[PDB]
């Protein structure tokens, strides 16, 4: 069951997290160039919304609605993870203006986050970006929901991720 892009298999490195696992820590970069780790979000449920890029010419409007809905649930932060630099993150149509939606870039630690989460694309045009996934963590960073989207172009099961927080 390789992930595909336009139906074409791509290679991913690392092992995708299982429900019940302790989430791997990270050092991602916020839109003000500071480092973000799991401790930066202590006490909150976290939605890791992992996307190859949030800087596409056309807005992923459905992702904006999901980001808004999840972040409006009790004690929840949505962490939008991608290789996009913080300079681009300040313009993301899916995050701008939304409280408790926080952009977090992989650029400073390279492939570390993606590899730790089994979303490190290593072939084709997306080589060096994250694959598409949604991983929900509880306050103590136990994985309560995890989806590696089989086709990069497809929408995640946002309903399942939201329901995991209810």
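Residue numbers count along the first chain shown, from 1.
Across the two stretches, 59-67 and 99-107, the PDB entry reports the greater mean Cα temperature factor for 59-67.
Mean CA B-factor, 88-96 versus 73-81: the higher value falls on 88-96.
Highest CA B-factor among 131, 136, 28, 139, as stated in the entry: 139.
In this PDB entry, the Cα temperature factor of residue 152 sits in the top third of its chain's modelled residues, the highest group. When all modelled residues of the chain are sorted by CA temperature factor, residue 35 is found within the middle third.
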